[PDB]
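Remarks on the overall topology
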Amino acid sequence: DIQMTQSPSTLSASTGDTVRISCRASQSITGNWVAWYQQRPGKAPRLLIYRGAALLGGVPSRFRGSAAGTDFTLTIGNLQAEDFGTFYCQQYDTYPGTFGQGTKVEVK
Amino acid sequence: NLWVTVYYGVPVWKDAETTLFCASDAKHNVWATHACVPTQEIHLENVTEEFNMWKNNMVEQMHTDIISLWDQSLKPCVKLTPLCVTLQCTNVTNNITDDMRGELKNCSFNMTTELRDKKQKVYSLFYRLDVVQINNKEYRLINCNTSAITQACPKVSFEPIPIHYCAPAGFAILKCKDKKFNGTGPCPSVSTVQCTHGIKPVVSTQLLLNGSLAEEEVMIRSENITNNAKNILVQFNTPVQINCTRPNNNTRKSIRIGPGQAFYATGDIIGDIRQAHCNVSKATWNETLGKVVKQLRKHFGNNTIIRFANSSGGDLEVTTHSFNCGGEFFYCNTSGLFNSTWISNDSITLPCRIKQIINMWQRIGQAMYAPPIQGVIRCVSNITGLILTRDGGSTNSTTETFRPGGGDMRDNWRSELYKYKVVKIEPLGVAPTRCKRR
Amino acid sequence: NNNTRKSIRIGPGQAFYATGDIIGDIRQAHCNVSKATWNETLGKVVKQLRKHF
Amino acid sequence: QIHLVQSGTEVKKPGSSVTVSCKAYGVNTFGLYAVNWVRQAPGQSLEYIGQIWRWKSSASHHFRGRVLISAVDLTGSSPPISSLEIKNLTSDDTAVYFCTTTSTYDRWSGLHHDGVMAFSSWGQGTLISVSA
Amino acid sequence: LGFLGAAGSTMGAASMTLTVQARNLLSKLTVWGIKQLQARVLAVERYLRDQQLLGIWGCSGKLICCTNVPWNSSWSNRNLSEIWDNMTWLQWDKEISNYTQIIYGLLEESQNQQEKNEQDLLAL
Amino acid sequence: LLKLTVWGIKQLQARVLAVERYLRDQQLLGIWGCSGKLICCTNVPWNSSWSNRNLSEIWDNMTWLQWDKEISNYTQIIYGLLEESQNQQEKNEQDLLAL
Amino acid sequence: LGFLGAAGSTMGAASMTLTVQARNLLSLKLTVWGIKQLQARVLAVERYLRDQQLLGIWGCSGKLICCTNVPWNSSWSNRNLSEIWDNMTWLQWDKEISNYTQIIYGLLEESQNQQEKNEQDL
Ligand SMILES: *[C@@H]1O[C@H](CO)[C@@H](O[C@@H]2O[C@H](CO)[C@@H](O[C@@H]3O[C@H](CO[C@H]4O[C@H](CO[C@H]5O[C@H](CO)[C@@H](O)[C@H](O)[C@@H]5O[C@H]5O[C@H](CO)[C@@H](O)[C@H](O)[C@@H]5O)[C@@H](O)[C@H](O[C@H]5O[C@H](CO)[C@@H](O)[C@H](O)[C@@H]5O)[C@@H]4O)[C@@H](O)[C@H](O[C@H]4O[C@H](CO)[C@@H](O)[C@H](O)[C@@H]4O[C@H]4O[C@H](CO)[C@@H](O)[C@H](O)[C@@H]4O[C@H]4O[C@H](CO)[C@@H](O)[C@H](O)[C@@H]4O)[C@@H]3O)[C@H](O)[C@H]2NC(C)=O)[C@H](O)[C@H]1NC(C)=O
Ligand SMILES: *[C@@H]1O[C@H](CO)[C@@H](O[C@@H]2O[C@H](CO)[C@@H](O[C@@H]3O[C@H](CO[C@H]4O[C@H](CO)[C@@H](O)[C@H](O)[C@@H]4O)[C@@H](O)[C@H](O[C@H]4O[C@H](CO)[C@@H](O)[C@H](O)[C@@H]4O)[C@@H]3O)[C@H](O)[C@H]2NC(C)=O)[C@H](O)[C@H]1NC(C)=O
Ligand SMILES: *[C@@H]1O[C@H](CO)[C@@H](O[C@@H]2O[C@H](CO)[C@@H](O[C@@H]3O[C@H](CO)[C@@H](O)[C@H](O)[C@@H]3O)[C@H](O)[C@H]2NC(C)=O)[C@H](O)[C@H]1NC(C)=O
Ligand SMILES: *[C@@H]1O[C@H](CO)[C@@H](O[C@@H]2O[C@H](CO)[C@@H](O[C@@H]3O[C@H](CO)[C@@H](O)[C@H](O)[C@@H]3O)[C@H](O)[C@H]2NC(C)=O)[C@H](O)[C@H]1NC(C)=O
Ligand SMILES: *[C@@H]1O[C@H](CO)[C@@H](O[C@@H]2O[C@H](CO)[C@@H](O)[C@H](O)[C@H]2NC(C)=O)[C@H](O)[C@H]1NC(C)=O
Ligand SMILES: *[C@@H]1O[C@H](CO)[C@@H](O[C@@H]2O[C@H](CO)[C@@H](O)[C@H](O)[C@H]2NC(C)=O)[C@H](O)[C@H]1NC(C)=O
Ligand SMILES: *[C@@H]1O[C@H](CO)[C@@H](O[C@@H]2O[C@H](CO)[C@@H](O)[C@H](O)[C@H]2NC(C)=O)[C@H](O)[C@H]1NC(C)=O
Ligand SMILES: *[C@@H]1O[C@H](CO)[C@@H](O[C@@H]2O[C@H](CO)[C@@H](O)[C@H](O)[C@H]2NC(C)=O)[C@H](O)[C@H]1NC(C)=O
Ligand SMILES: *[C@@H]1O[C@H](CO)[C@@H](O[C@@H]2O[C@H](CO)[C@@H](O)[C@H](O)[C@H]2NC(C)=O)[C@H](O)[C@H]1NC(C)=O
Ligand SMILES: *[C@@H]1O[C@H](CO)[C@@H](O[C@@H]2O[C@H](CO)[C@@H](O)[C@H](O)[C@H]2NC(C)=O)[C@H](O)[C@H]1NC(C)=O
Ligand SMILES: *[C@@H]1O[C@H](CO)[C@@H](O)[C@H](O)[C@H]1NC(C)=O
Ligand SMILES: *[C@@H]1O[C@H](CO)[C@@H](O)[C@H](O)[C@H]1NC(C)=O
Ligand SMILES: *[C@@H]1O[C@H](CO)[C@@H](O)[C@H](O)[C@H]1NC(C)=O
Ligand SMILES: *[C@@H]1O[C@H](CO)[C@@H](O)[C@H](O)[C@H]1NC(C)=O
Ligand SMILES: *[C@@H]1O[C@H](CO)[C@@H](O)[C@H](O)[C@H]1NC(C)=O
Ligand SMILES: *[C@@H]1O[C@H](CO)[C@@H](O)[C@H](O)[C@H]1NC(C)=O
Ligand SMILES: *[C@@H]1O[C@H](CO)[C@@H](O)[C@H](O)[C@H]1NC(C)=O
Ligand SMILES: *[C@@H]1O[C@H](CO)[C@@H](O)[C@H](O)[C@H]1NC(C)=O
Ligand SMILES: *[C@@H]1O[C@H](CO)[C@@H](O)[C@H](O)[C@H]1NC(C)=O
Ligand SMILES: *[C@@H]1O[C@H](CO)[C@@H](O)[C@H](O)[C@H]1NC(C)=O
Ligand SMILES: *[C@@H]1O[C@H](CO)[C@@H](O)[C@H](O)[C@H]1NC(C)=O
Ligand SMILES: *[C@@H]1O[C@H](CO)[C@@H](O)[C@H](O)[C@H]1NC(C)=O
Ligand SMILES: *[C@@H]1O[C@H](CO)[C@@H](O)[C@H](O)[C@H]1NC(C)=O
Ligand SMILES: *[C@@H]1O[C@H](CO)[C@@H](O)[C@H](O)[C@H]1NC(C)=O
């Protein structure tokens, strides 16, 4: 049972900035078994990044992910108007899987 | 307090592809038997493997190899290029009975000789499907305005020889030993081998002849069961024999058309003119269809009516059962077998026609001309499978009609390579160990 | 020019593609070259060729 | 592509059972795939309920002996169906349930780690609100 | 057991039959001739590309040869009991699949420094 | 360059068999612990059931052809014992090096 | 530095990056481009096995910097240990020992020979 902590809780940015979201686990996941999901408010969730630093077919190259010991970070550059939603960091190393806490990105 | 140790020879394999070579044990043949090398199975435990027979690479490689082997024996012998002349064909009658008049014609035509400025008026016997009329009536060959006719080579044989596509060193072949395997999914009984068993390259549509049998029950295989455009493969558990024969003598006559160029045609028939026919047992076919429909009712429901009808229409090599017996290509109507309706000592005789101009592998531009065979032709064969299809209904009834189909030669070879997989061995490994150098 | 292709069968499985009929008018094929760029490159050609003559 | 539909909004009384279905379109066989069922409480985080892999259905350590997952293979006149039954529900089960699939064909795909895996395709989610 | 017979055992139980898989890695212009020639060329190249990597690190003729580099704790924090008795070879290569290049790089310069340190030993 | 008229299929295959006969001999010599030696000694004992001749009779009277003909029925078991003994000596050296 | 990056340095600075050049000497129809790839692969096998066979008869198989018990003669070079490794490079040292290369290549063959098992066998 690994508890995930996401940072920050609620932040705001503008069109053209870079949003950095961090995720800290309990133990040391040395195998990079982490994933970053995006869920719009009201719509269905969407998997963005699997295995920490690998993209999916249909995801643009502006997103980036990095892993270092416990700290898994996600950088979103060239921010648009359609990337406002909730972001989740979820591990699948040990049974069972546990999600993060939620991080909403507003516009201001 | 930990160090790195390199291990060589770990049992780790990846998924890849390579090239396979023939291996057989040993008048020539079409497929090169004397060019192959002269010809163990280790069971594995605590390992699973996900097999998929519809995404294999061995079927396309085998198809390309059979196509490349078919076009290597037709080259160095004689081609029949000056045969496109104006024929004069009449009917033939020599104590001939009913339902045969109209299938054979006696043709006469001019032909060049070994001298350039001379001619020779010769005659032969042709079939109905080999000549067409143009507007005594004049006739011509059917494959003349679209393809070039070359003769089949008289020193080769079309007998199928079992070969072994065998992998070199560095790769491995895995095989699923499940008795109720359906070609898709995980297999808990995987064993490694060197290479496969004897596969006979039998070219036939709608009837898997001289194939491999099942173990427990009749197997049904399909890719997309919710689509009406995918074929359905049926694998029996018992063989149903069938005896095909041709009562004609079919004497041969050699005509020299030039310098070192010979042409073998049909001469005169000594005897009666009867139909070539295949006899199949009637008592075994009913229980064969019952064992087929007992496994086929599991995919549609226990309240389904199963109708068995014949083919609708299309090409002659699709609707009719096309095969090769004794060196001669037979096309059987086979409409009397698939005629039934299943609700929830006699023998059937099927007449077959003979064609001499064969267009193989669905090609447009490369024809052939088989030579006549002297004597009486009689062969026996097994029936170890079926290729069926269904039509699109109005999704409201419980009646399903199944019709035989084919034409694509990949389905005839996918039923034998549905359990084998090719893997690539990687023997390097890195392990932690409390040890130091020197 | 607006050319049309016509296939004549000269044998068994052998065709020959020839011209058909010109649709419209028959004009001359031609190439256009810029004059000022050609002169300003020929000046550099002469200026670089005068080093050896 | 691969499209999944689910049931509608069903309102149930405490004490009875409920059954949520999930129909798939595009998958080949459940032996090459794995069907995971999670949920999401309104105003809270997600929660993993159960999964079916290699024809072996299982649940978490908190929903043991309470839920039941079932699945069938292809049918010539029916889509692939995955059902989940909840018996003896409490007053704290109002959530948006989902239905996810994950392809477990390749061993070196990196999307699965010895039974537990990620979610590549999501559904629409059914709202279940229980009240007295 | 045979060829690939210990594929389902643990890492400690499969490290004793390494000589079985180490000996089965080497052994008119028709259609069946060029395929056999390309297969022999591919087998020779696949043997040489592994023998060169075995000869760079200094393990010419040894299978359980020892190195001098230390094991970093960021690669795998497991002990000797959860590796040689629980995990297999099909999972251990996928566990550290992102850290093989730095290990292959560290196995070269240490062997080079060990070979260049031997030159200052016999010069006394 | 490479022309395969009559003498291109006979010159490439000779180098192919030369490479194969070198690599198979090097692989058979590498698994016994004698990579680069000719008069290297082993650790397996000589059984009296293979050849009961003395040491003064073989090295001064016998021939290599007659010696290959004499013990041809006990050839593969010596290679199997060598393949077992090399792995056993390597495991013993790894056990001694771990302390 | 890279592949052939120390070609302009001296012999003392180019003898430390031998691992760069020690890993770049090794790596379907009958058309005009299908036979050239097979020819290049066969030539790459031939130009590696011939160079590896010379190190096997000298007892330096698997070693990049290997030295034996062959005494260096004073008639081959009359330089010191400071005017060779610090002044001359590898492109200039090969031109001076071109008339004495086969003598060293023949003396290196018997060395790994006069060091073989004798009677100790009995
Ligand atoms: C190629 O060939 C392949 C051959 O290998 C072939 O594979 C075969 O595919 C078929 C598919 O057609 C497979 O058949 C199915 O198999 C399913 C497997 O189910 C497994 O799991 C259940 C559940 O186990 C839990 O519960 C039991 C009992 O409590 C416990 O003991 C367990 O430990 C476990 O509990 C854990 O999990 C809990 C959480 O759920 C935890 O709380 C708990 O703590 C535990 O951790 C088992 O019961 C099953 O066992 C049965 O099968 C084994 C097989 O050996 C028997 O030995 C055993 O005695 C049992 O009989 C099994 O292990 C089946 O679930 C599935 O059943 C459905 O179909 C049948 C009819 O065929 C129905 O009778 C059945 O009721 C199911 O139908 C329901 O679901 C469908 C789908 O929605 C509905 O449409 C249907 O109406 C029905 O719903 C109704 O009932 C529901 C309750 O069940 C109810 O909720 C609904 O509301 C509704 O009323 C079916 O049999 C077959 O197994 C494969 N063969 C294999 C794997 O070998 C492949 O397909 C071929 N491919 C092609 C392309 O041809
Ligand atoms: C096997 O053979 C089939 C037949 O050709 C191939 O094609 C698949 O066909 C099914 C048919 O159902 C496709 O399934 C999809 O189901 C969706 C859900 O249907 C319900 O909801 C709609 C309203 O949205 C109702 O009208 C309907 O009655 C059901 O109640 C449908 O919505 C899909 O239609 C459209 O959906 C979206 C728009 O919402 C579009 O993006 C889609 O492209 C589509 O136009 C559709 O009917 C299934 O998607 C088809 N597959 C593919 C890949 O397209 C199978 O592909 C084939 N199997 C394989 C493995 O190839
Ligand atoms: C396939 O089955 C058909 C019948 O179902 C077989 O045809 C039968 O063949 C026999 C022998 O050729 C015929 O017998 C003959 O009868 C005449 C008149 O009595 C006699 O003079 C002959 O000497 C001979 O005995 C029989 O009439 C005939 N039946 C029919 C209906 O035509 C056929 O031979 C079978 N083919 C094979 C390969 O088994
Ligand atoms: C399926 O396999 C069977 C068994 O091999 C095949 O039957 C065989 O067919 C060949 C070809 O006609 C027969 O060879 C010929 O036999 C006659 C007999 O008189 C001989 O005169 C010819 O010179 C020629 O050798 C062979 O005898 C026959 N085998 C048996 C046991 O009858 C069958 O052809 C295969 N099916 C297909 C579609 O190829
Ligand atoms: C660890 O390695 C795996 C594969 O070895 C990496 O997964 C690939 O990452 C690339 C990077 O964009 C993707 O394009 C591929 O689709 C991924 N999958 C495969 C199967 O190749 C993974 O990113 C690595 N993790 C790191 C570098 O942190
Ligand atoms: C096909 O027609 C030719 C003539 O066009 C037939 O040949 C003649 O046959 C009769 C009958 O015995 C002979 O009297 C003639 O001498 C033949 N003429 C020549 C030029 O040979 C031939 O018999 C016919 N074939 C068949 C099967 O009836
Ligand atoms: C073969 O060639 C002969 C000529 O050598 C053809 O005979 C001529 O046919 C035409 C066409 O009707 C007649 O007009 C002539 O009178 C015929 N005789 C001569 C001497 O030219 C004959 O038709 C050709 N074909 C066949 C099948 O015999
Ligand atoms: C197909 O031919 C085989 C033999 O070529 C037939 O088998 C024989 O049938 C007769 C008549 O029933 C028996 O007396 C023999 O004992 C059978 N065996 C042998 C070895 O001769 C077979 O019956 C034929 N099948 C059909 C449907 O006619
Ligand atoms: C194949 O067999 C079927 C069924 O016997 C034939 O269909 C009918 O056959 C009878 C013969 O008694 C004809 O009178 C009918 O006209 C046929 N129906 C048609 C043509 O629609 C079928 O003709 C046979 N195939 C061939 C090529 O003869
Ligand atoms: C047609 O089926 C029969 C019945 O299985 C085959 O006869 C067996 O053939 C196998 C070898 O393929 C023998 O080991 C058996 O002894 C045969 N007899 C029985 C009773 O099983 C026959 O070989 C099949 N025909 C072909 C061409 O393979
Ligand atoms: C010749 O056969 C054809 C085809 O059966 C027929 O139409 C024609 O009437 C026949 N002619 C004679 C003279 O018998
Ligand atoms: C060739 O002739 C046949 C028979 O008349 C005809 O069906 C076909 O369309 C012709 N093909 C061409 C290309 O003219
Ligand atoms: C075919 O004809 C030949 C004579 O050319 C004869 O010897 C043979 O018996 C005939 N075959 C039969 C009648 O089956
Ligand atoms: C259909 O009938 C068979 C008869 O044995 C039975 O085994 C099977 O369970 C039935 N199908 C269903 C869905 O009940
Ligand atoms: C199929 O059977 C029907 C009914 O006898 C017949 O009219 C039709 O011609 C048959 N089709 C073929 C291709 O034989
Ligand atoms: C098909 O079956 C029906 C029903 O028994 C029968 O009347 C008909 O004659 C059959 N047709 C053929 C060609 O056997
Ligand atoms: C040229 O020919 C093409 C046919 O390929 C035709 O569509 C087009 O209109 C012609 N242009 C003129 C100017 O005639
Ligand atoms: C050639 O055509 C291009 C347009 O594609 C045009 O910009 C250019 O000026 C033309 N050059 C001449 C010399 O006409
Ligand atoms: C080319 O340019 C030169 C000056 O650069 C000028 O004197 C000359 O007249 C030009 N040529 C033409 C043809 O105008
Ligand atoms: C497979 O696992 C069982 C127990 O999990 C074990 O007893 C057996 O030895 C294993 N098989 C092999 C080949 O190691
Ligand atoms: C271990 O990894 C850390 C972080 O990348 C690195 O700073 C350190 O040098 C490594 N140590 C060893 C012994 O490889
Ligand atoms: C020697 O041979 C005997 C008889 O075959 C056998 O029992 C014994 O194990 C062998 N010992 C050795 C050292 O090979
Ligand atoms: C050949 O060797 C044998 C000993 O094995 C010896 O007796 C014989 O004399 C030799 N032959 C000659 C010609 O010396
Ligand atoms: C080239 O010579 C300069 C001296 O001017 C020296 O500093 C430099 O290191 C040399 N380059 C190499 C690669 O040794």
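What counts, and where the lines are drawn
Residues numbered from 1 in each chain as written, not as in the entry; some residues may be left out. Chains lettered and ligands numbered in written order. Part of a larger assembly, values for the part shown. Heavy atoms only, no water. Residues with missing side-chain atoms left out of burial classes, pairs and counts. Pairing = 2+ DSSP bridges. Helix = DSSP H or I, 4+ residues; strand = E, 2+ residues; numbered from the N terminus. Axes fitted to C-alpha atoms, helices over the stretch in contact; angles between N-to-C directions. Buried < 20%, exposed > 50% of the residue type's maximum accessible area, 1.4 Å probe, protein only. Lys, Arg positive; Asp, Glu negative; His and termini not counted. Salt bridge = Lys/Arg side-chain N within 4 Å of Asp/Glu carboxyl O. Polar contact = N/O pair within 3.5 Å; in protein donor to acceptor, adjacent residues only side chain to side chain. Contact = heavy atoms within 4.5 Å. Buried area = accessible area lost by both parts, 1.4 Å probe. Near = heavy atom within 4 Å. Arc of directions from axis to C-beta.

Its PDB header names cryo-EM as the technique used to obtain the model and reports a resolution of 3.7 Å.

The pairing of strands in a sheet happens through backbone hydrogen bonds and is either parallel or antiparallel. All names here are of chain B. As summarised here, the arrangement of the 6 strands in space is β12-β13-β24-β25-β18-β21, forming an open sheet in which the pairing is mixed. The open sheet has two free edges, formed respectively by β12 (219–222) and β21 (340–342), since each of these has just one partner strand. Taking each pair of neighbouring strands and ignoring which way they run, the sheet shows an average axis angle of 25°. In this structure, strand β18 (residues 305–308) lies alongside β21, joined through 3 bridges in antiparallel fashion. Within β21, the position partnered with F308 by the bridge is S340.

This brings us to the side chain of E416 of chain B. All names here are of chain B. Counting through the fold element by element, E416 comes out in the loop between α4 (410–414) and β26 (420–433). For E416, which is buried and forms no salt bridge, the nearest opposite charge comes from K419, at a distance of 8.5 Å. There is a polar contact of 2.4 Å between the side chain of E416 and the side chain of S212. Other than its neighbours up to four places away in sequence, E416 contacts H197, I199, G211 and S212.

Moving on, we come to the interface of chain B and chain E. Each side of the interface is counted separately: chain B has 50 residues, and chain E has 53 residues. Here chain B packs against chain E, burying approximately 5,000 Å² in sum over the two surfaces, 68% of which is carbon and sulfur. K35 of chain E is the partner of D65 of chain B in a salt bridge, and the nearest nitrogen-oxygen pair spans 3.8 Å. The interface formed by chain B and chain E contains 7 residue pairs in polar contact. When contributions to the side of chain B that touches chain E are tallied by element, the ones reaching two or more residues are β1 (3–15), α1 (58–70), β9 (171–176) and β26 of chain B.

Now for unusual backbone geometry. Omega for the peptide link from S7 of chain A to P8 of chain A comes to -5°, which places this bond in the cis form. Along the chain, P8 of chain A falls in the loop between β1 (5–7) and β2 (10–13). In this structure, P96 of chain A follows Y95 of chain A across a cis peptide bond, with omega equal to 0°. When you line up the elements, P96 of chain A lands in the loop between β9 (86–91) and β10 (103–107). With a phi close to 60°, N46 of chain B is a non-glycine residue in the positive phi region. The topology assignment puts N46 of chain B in the loop between β2 (41–43) and β3 (49–52). Positive phi values are uncommon outside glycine, yet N210 of chain B reaches one of about 60°.

All names here are of chain B. In spatial order, the strands read β19-β20-β22-β17-β14-β23; together these 6 strands make up an open sheet with antiparallel pairing. Lying at the two open borders of the sheet, with one neighbouring strand each, are β19 (321–325) and β23 (377–381). Here the strands of the sheet are splayed against their neighbours by 30° on average, with no regard to which way each runs. Across 6 bridges, strand β17 (residues 276–281) lies against strand β22 (residues 347–354) in antiparallel orientation. Paired with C278 across the strands is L350, a residue of β22. Contacting β17 and β22, helix α2 (residues 282–296) runs over the sheet at an angle of about 60° to β17.

Let us now look at the site of ligand 12. Lining the immediate environment of ligand 12, one finds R140 and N145 of chain B together with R9 of chain C. Neighbouring residues of ligand 12 are not confined to one chain but are distributed across chains B and C. Between an oxygen atom of ligand 12 and a side-chain N or O atom of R140 of chain B, the distance comes to 3.1 Å. A distance of 2.4 Å separates an oxygen atom of ligand 12 from a polar side-chain atom of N145 of chain B.

Turning to the pairing of strand β4 (residues 33–40) of chain D, a few remarks are in order. Residues and elements named next belong to chain D. Burial runs high along β4: 8 of the 8 residues are buried. Burial along β4 is two-sided: the face carrying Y33, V35, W37 and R39 and the face carrying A34, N36, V38 and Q40 are both buried. As judged from the 4 bridges shared by β4 and strand β10 (residues 100–103), these two strands associate in the antiparallel manner. Residue pairing in the sheet places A34 in a bridge with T102 of β10. Pairing of β4 with strand β5 (residues 46–53), which is carried by 7 bridges, proceeds in the antiparallel orientation. If you follow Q40 over to β5, its bridge partner there is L46. Taken together, β4 and the strand that follows it, β5, pair antiparallel across an intervening segment of 5 residues, in which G43 is found at a positive phi of about 80°. Of the pairings in the sheet, the one linking β4 to strand β9 (residues 95–97) comprises 2 bridges and is antiparallel in character. The residue of β9 that forms the bridge with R39 is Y97.

The next subject is helix α5 (residues 101–111) of chain G. Burial in α5 of chain G covers these residues: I104, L108 and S111 of chain G. End-on view of α5 of chain G: buried residues confined to an arc of 55°, all on one side of the axis.

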